[PDB]
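All values below come from the heavy atoms of this structure, side chains included, with hydrogens, waters and symmetry mates left out. We count ligands from 1, going down the list as the structure has it; atoms in each ligand are counted the same way. Residues: numbered from 1 along the sequence shown.
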Amino acid sequence: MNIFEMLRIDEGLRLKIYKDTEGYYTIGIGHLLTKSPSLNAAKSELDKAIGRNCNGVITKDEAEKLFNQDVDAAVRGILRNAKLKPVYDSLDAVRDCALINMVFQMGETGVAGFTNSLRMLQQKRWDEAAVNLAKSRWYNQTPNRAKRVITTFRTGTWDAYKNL
Ligand SMILES: [Cl-]
Ligand SMILES: [Cl-]
Ligand SMILES: [K+]
């Protein structure tokens with residue numbers, strides 16, 4: 001189990017434009033295309049991202065390419081972030097995956113706003129952080145995914161992804 005498998009489980013894989021849990025146009029493995037309500041806008045963004053006229057659909061290889069770029073961007077974003085970097089450096093490898101997952105889902109900005117939880121993670125107060133993390137819109141909107149991620153932070157194991 002590694003970050004790619006983890007996210008593949010949480011995001012799934014769709015080769016045609018679809019709407020994510022928030023109603024935004026997305027494709028592949030959770031690759032957000034646009035927050036705009038225009039499907040044409042999304043189709044444009046798609047073509048631009050892939051480098052060809054896709055007409056709303058892509059191949060598995062294309063999906064995977066986007067996925068690699070996205071994971072790379074999330075990690076890179078974490079490392080450039082003054083509030084995120086220290087936490088990421090302080091965590092073990094498994095727990096670092098949980099942080100990357102959050103950033104992939106909600107962006108650097110979103111995550112950087114979980115100040116209190118971040119501080120608790122930095123201090124390695126696992127149960128305390130887990131409770132704090134659950135007091136959020138994130139947990140209330142996507143509870144199953146949030147539970148998996150929170151369990152990962154709490155335990156430092158892949159148990160929540162075992163049998164999925
Ligand atoms: Cl709440
Ligand atoms: Cl969920
Ligand atoms: K680390």
Side-chain angles (χ1 to χ4, degrees), residues 1-37 42 60 63-64 66-164:
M1 187 67 49
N2 59 53
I3 191 55
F4 291 91
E5 289 175 357
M6 185 200 205
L7 282 164
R8 170 71 164 74
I9 283 155
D10 288 330
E11 299 285 356
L13 162 63
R14 310 204 19 191
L15 303 184
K16 260 127 190 298
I17 295 184
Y18 68 91
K19 285 205 209 209
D20 71 3
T21 66
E22 293 279 305
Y24 306 131
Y25 286 123
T26 305
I27 193 144
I29 295 132
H31 181 83
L32 171 72
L33 290 162
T34 180
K35 293 217 227 134
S36 150
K60 182 170 145 138
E64 272 155 5
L66 284 184
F67 190 29
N68 284 138
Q69 291 166 182
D70 290 343
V71 167
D72 200 74
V75 174
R76 248 28 193 308
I78 276 166
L79 295 180
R80 310 198 257 83
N81 193 290
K83 322 70 135 239
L84 301 173
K85 186 182 195 284
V87 182
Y88 184 87
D89 284 349
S90 80
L91 290 175
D92 55 273
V94 179
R95 293 181 174 92
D96 274 335
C97 287
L99 187 63
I100 295 170
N101 196 303
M102 284 184 80
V103 168
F104 188 97
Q105 182 183 8
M106 301 180 263
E108 171 169 356
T109 273
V111 181
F114 278 64
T115 307
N116 299 323
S117 307
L118 293 178
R119 195 187 53 254
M120 283 170 222
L121 287 172
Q122 222 163 327
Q123 297 192 57
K124 312 199 178 287
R125 300 157 80 219
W126 316 127
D127 283 16
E128 287 150 87
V131 171
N132 188 266
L133 282 161
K135 304 210 236 151
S136 59
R137 176 178 197 275
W138 170 61
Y139 179 80
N140 287 108
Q141 296 302 126
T142 50
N144 290 145
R145 188 196 181 142
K147 289 181 198 132
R148 285 194 289 277
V149 171
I150 291 164
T151 291
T152 301
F153 271 133
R154 206 188 354 118
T155 72
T157 69
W158 290 105
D159 304 341
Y161 286 87
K162 257 71 128 117
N163 257 167
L164 289 191

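- For the pair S90 (side chain) and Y88 (backbone), a donor-acceptor distance under 3.5 Å is absent.
- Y25 carries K19 over the face of its six-membered ring, with the cationic atom under 6.0 Å from the centre and within 45° of the normal.
- Scanning for side chain to side chain contact (heavy atoms under 4.5 Å, CB included) contacts around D159 gives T157, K162, with sequence neighbours left out.
- Side-chain contact annotation: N101 with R148, donor-acceptor N/O pair under 3.5 Å absent.
- Distances from the K ion (ligand 3) under 3.4 Å pick out these protein N/O/S atoms: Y88 O, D89 O, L91 O, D96 OD2.
- Side-chain N/O atoms of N116 and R119 include a donor and acceptor closer than 3.5 Å.
- Here the side chain of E5 pairs a donor or acceptor atom with the backbone of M1 at under 3.5 angstrom.
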